[PDB]
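Just so we're on the same page: letters track the sequence lines, and every chain starts at 1. Reckoned from all heavy atoms, side chains included, excluding hydrogens, waters and symmetry mates.
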Amino acid sequence: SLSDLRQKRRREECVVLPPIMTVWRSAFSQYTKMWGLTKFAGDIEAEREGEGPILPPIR
Amino acid sequence: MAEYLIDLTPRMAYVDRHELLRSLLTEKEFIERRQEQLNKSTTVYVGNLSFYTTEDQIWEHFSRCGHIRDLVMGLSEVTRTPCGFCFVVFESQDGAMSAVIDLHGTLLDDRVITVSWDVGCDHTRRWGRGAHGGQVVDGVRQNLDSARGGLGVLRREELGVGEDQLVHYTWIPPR
Amino acid sequence: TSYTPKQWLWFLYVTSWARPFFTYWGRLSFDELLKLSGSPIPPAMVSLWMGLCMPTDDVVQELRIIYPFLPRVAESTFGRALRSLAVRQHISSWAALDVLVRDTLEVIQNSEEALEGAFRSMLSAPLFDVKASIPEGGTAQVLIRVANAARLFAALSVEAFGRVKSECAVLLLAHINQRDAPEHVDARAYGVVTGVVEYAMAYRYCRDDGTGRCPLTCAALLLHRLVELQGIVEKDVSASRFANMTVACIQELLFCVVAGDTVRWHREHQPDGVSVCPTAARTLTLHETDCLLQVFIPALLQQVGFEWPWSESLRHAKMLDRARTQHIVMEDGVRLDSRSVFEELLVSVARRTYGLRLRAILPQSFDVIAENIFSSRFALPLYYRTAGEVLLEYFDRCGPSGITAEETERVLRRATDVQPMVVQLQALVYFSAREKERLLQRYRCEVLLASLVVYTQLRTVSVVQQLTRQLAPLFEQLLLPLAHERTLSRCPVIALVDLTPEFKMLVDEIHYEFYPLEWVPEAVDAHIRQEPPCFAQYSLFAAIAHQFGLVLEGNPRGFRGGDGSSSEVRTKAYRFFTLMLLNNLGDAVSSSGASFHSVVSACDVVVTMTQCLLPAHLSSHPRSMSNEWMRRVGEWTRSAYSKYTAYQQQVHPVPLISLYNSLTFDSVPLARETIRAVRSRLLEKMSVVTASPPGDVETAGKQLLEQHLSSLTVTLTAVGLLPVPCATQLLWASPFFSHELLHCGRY
RNA sequence: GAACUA
């Protein structure tokens with residue numbers, strides 16, 4: 001990157017998750033997709049960007 | 001059982017360069033140190049902790065595997081604030097044995113901890129001894145680990161980029 | 001290398017029960033055994049013990065040739081017999097699983113079936129299986145056999161290789177990743193997950209090993225290591241499928257807790273005719289619900305970043321709520337509302353994370369729960385205010401490094417010898433010389449503990465432990481006269497039921513504040529009779545908890561709910577009962593143990609939770625105060641007796657949800673966790689003391705710990721947990737917790 | 001307690 005734009009990062013924005021999180025997020029998506037589970041009508045409408053902001057996985 | 005098929009004897013690939021300077025040993029520390037390590041070593045080193053990570057979070061994950069006689073969080077000598085290295089002392093050596101196997105590689109605070117064996121915790125090594133009172137690892141690191149402050153003190157110092165939410169341990173006498 | 005026949009037998013004892021589960025080829029090591037089973041693990045995770053060929057010449061020596069126990073596991077009778085019969089059948093070999101388990105069961109009795117029964121025998125002091133293997137599909141009984149073998153293998157592997165997480169994970173991976181058939185892998189994975197979970201819960205229920213290691217956290221870490229090793233093996237059958245199974249099982253248990261019956265949710269909503277859907281065979285017990293919502297799921301979520309199908313799980317659970325009970329077949333069967341379940345899960349999770357982290361992942365449908373789980377400080381009570389503001393000034397002036405017991409004694413005896421209720425107390429219908437000192441020193445001890453709690457705020461374990469050890473001689477010195485003795489000479493309640501003139505004089509003139517447990521139960525008893533006990537004996541932490549307003553209560557709805565206490569009070573009570581009482585129970589006298597200070601006793605912890613669980617109406621000061629107190633307790637006794645009579649008349653095998661409930665222990669999970677942790681800590685400390693070299697201080701410590709265990713049993717019976725209604729049956733009637741403690745087999 | 005190597 002080599003970017004000089006550096007400011008305060010709070011604490012919940014400086015969490016980078018291990019590479020294994022791709023497995024577990026795929027597992028959550030698979031368990032929700034099959035077995036017929038749907039989110040709340042109202043969490044689905046966080047398509048206007050208010051939904052959970054989930055931490056980045058490394059690599 | 002598997003503790004009879006794998007040699008889980010306490011070991012330290014690490015050598016405190018300051019306890020080797022003393023005793024004047026040419027890497028002879030292992031010959032003498034191993035004793036206090038195999039028997040009576042209940043101290044486990046904690047590594048890769050965010051300056052944000054707090055002792056209660058450390059206490060809970062360790063408490064699961066054993067009761068903690070002493071919980072110590074490393075303090076930068078200059079700031080008396082966490083260096084991201086922690087020392088945990090257990091009443092039971094088996095609890096220390098439990099901690100190294102169970103907690104190695106676990107996320108104590110959304111980060112990969114590295115639990116090791118230590119011969120014992122005195123009140124000297126509890127202070128980071130690198131450049132800016134932190135750990136030597138911090139100066140020589142060439143990466144962006146924001147939870148450890150950002151770039152290493154030596155790469156940050158020259159490039160030119162640089163707290164309050166950190167816990168100031170003012171109940172610990174200054175070194 | 002050149003193992004002796006003694007060394008060979010032990011190697012065989014640990015690693016010969018596992019060979020039947022792979023398809024004893026005999027005369028082959030575990031690596032070539034796996035090579036003939038499709039090589040489930042790569043040549044990177046193979047261990048050294050897996051490469052040790054079986055012996056020659058020695059084999060006729062070993063045939064001629066009880067078995068030593070293990071370092072840190074309470075082994076089962078079935079496991080000891082199966083691992084001993086496998087050495088007998090490994091050397092005689094120098095199909096196989098069925099004969100091994102059949103012989104092991106026959107050994108136990110003489111001083112599908114044959115594998116389900118083997119699992120039950122292992123997980124018993126019999127165990128009711130939590131998850132059923134019958135729901136697999138149709139026209140395939142092979143899958144049921146594979147799943148049952150996997151469950152047994154997981155139980156035995158946790159029993160033997162449990163203390164080495166990587167070895168157990170590798171063995172379980174080797175079992176699961178056999179190349180028998182594509183549909184067999186799913187059954188093995190489901191069996192392994194079920195076995196690990198059930199074995200952890202059963203171990204924490206009915207197994208004492210004296211090590212202080214939580215089986216549930218180890219189970220969670222083992223499952224996450226299994227997924228990680230699957231991913232590494234996947235890098236070149238998918239870790240995604242294993243994690244999917246792990247989640248599906250956890251969600252099935254969660255929905256069984258919420259629904260209250262075997263809803264068979266995963267069988268109904270199902271993808272296709274070829275899959276394994278986890279299905280609970282019975283409702284969950286209170287202990288299992290506590291395990292899941294307090295230790296297991298929080299640990300698993302911590303590893304997975306507290307991420308989860310939160311919205312989907314919450315939406316489905318609330319739909320499970322609407323049902324009226326379809327059936328209540330199981331006596332020890334608990335049903336909880338969705339809000340209560342997720343509140344408990346998130347308050348257990350919130351201890352290991354920060355509000356922002358949870359709120360970031362939690363969707364907007366959790367806003368009500370999050371706000372209910374997220375006056376949070378310890379403030380000096382008015383009773384200890386002016387005599388504690390001097391001690392706090394001293395503590396701030398020096399700090400935990402500089403605080404000394406000798407100086408604290410003088411600072412405390414100066415700030416608590418000039419104020420009213422102290423200069424008005426040495427003035428004295430007539431108090432004996434022993435009576436007045438047993439009051440003054442009680443007040444000094446209470447002031448010191450309140451000052452310590454306010455100063456430290458119980459936010460850092462290190463400072464709390466330092467100051468408790470440092471001021472531990474002073475606490476023991478001040479508590480020596482009080483100790484276990486009623487502070488007043490005689491019971492404060494005399495039967496119209498009124499109070500002794502001494503108690504009324506103190507409370508209404510000298511303004512001495514007793515905590516509402518030395519006189520409230522014994523007044524409820526008098527009111528019941530109208531139509532010394534352990535809790536009456538002094539406990540310093542009971543008084544301190546009363547003065548800080550640590551009132552823990554159940555919900556208006558019932559067991560269905562749970563914690564009805566405020567979030568601030570719940571957090572303060574957790575910090576208190578975990579970092580001041582339990583952590584100080586048998587803590588080392590010095591830092592850097594086998595040597596401990598008697599500042600906190602087991603009876604102290606139990607009495608403090610009984611005090612915190614009293615009705616808030618009776619644990620609140622009026623606005624003569626003594627008379628209002630008593631009226632209030634009389635009216636409460638009348639109401640509670642009416643409720644008890646109604647419940648008894650309505651009840652005529654009886655389910656625990658139909659019994660009378662005080663909503664004290666079954667509603668607050670902190671109570672149950674603390675009471676269990678008291679005995680677990682006592683046993684672990686006793687193990688550490690025994691392991692130390694014999695002497696005199698060790699013998700004294702052992703005697704003290706045995707007396708602590710006996711006193712813990714006595715105090716539990718004194719509060720109605722271990723059995724016209726009594727006062728204890730009206731204040732602390734907890735059928736679920738009493739059932740667990742009676743059938744746990746530890747009392 | 002990454003002192004090689006900064």
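Closest to the side chain of B/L154, from the set D/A2, D/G1, D/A6, is D/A6. For B/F87, counting side-chain heavy atoms from C-beta on, the closest listed nucleotide (D/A6, D/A3, D/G1) is D/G1.
Below the 3.5 angstrom threshold, one finds no donor paired with an acceptor across the side chain of B/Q135 and the base of D/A2.
Counting any heavy atom pair closer than 4.0 Å across all strands shown, B/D118 reaches a base atom.
Contact record, B/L107 with C/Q303: N-OE1, 3.4 Å, taken as the closest heavy-atom pair.
Going from atom CG of B/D16 over to atom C1' of D/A2 covers 13 Å, rounded to whole Å. B/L49 has its CG atom 12 Å from the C1' atom of D/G1, to the nearest Å. Between the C1' atom of D/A6 and the CG atom of B/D138 lies a distance of 14 Å, rounded to the nearest Å. In this structure, B/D122 atom CG and D/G1 atom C1' are separated by 12 Å, rounded to whole Å. Counting to the nearest Å, the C1' atom of D/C4 and the CZ atom of B/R17 are 10 Å from each other. When the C1' atom of D/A2 is taken as reference, atom CG of B/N48 falls 13 Å away, rounded to whole Å. When rounded to the nearest whole Å, the span between CD of B/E19 and P of D/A3 equals 16 Å. In this structure, B/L159 places its CG atom 13 Å from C1' of D/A6, rounding to the nearest Å.
Centroid-to-centroid, the aromatic rings of B/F85 and B/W127 stay 6.0 Å apart or farther.
Looking only at atom types and distance, the side chain of C/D587 has a donor-acceptor partner in the side chain of C/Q465 under 3.5 Å away. For the residue pair B/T9 / B/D7, a side-chain donor-acceptor distance below 3.5 Å is found, with atom types taken as modelled.
B/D109 has no carboxylate O lying under 4.0 Å from a charged side-chain N of C/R357, or vice versa, which leaves the two without a salt bridge.
Here B/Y45 counts as stacked on D/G1: its ring centre is under 5.5 angstrom from the base ring centre and the planes meet at under 30°. We find that the ring of B/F85 and the base of D/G1 do not stack by the test of centres under 5.5 angstrom and planes tilted less than 30°.
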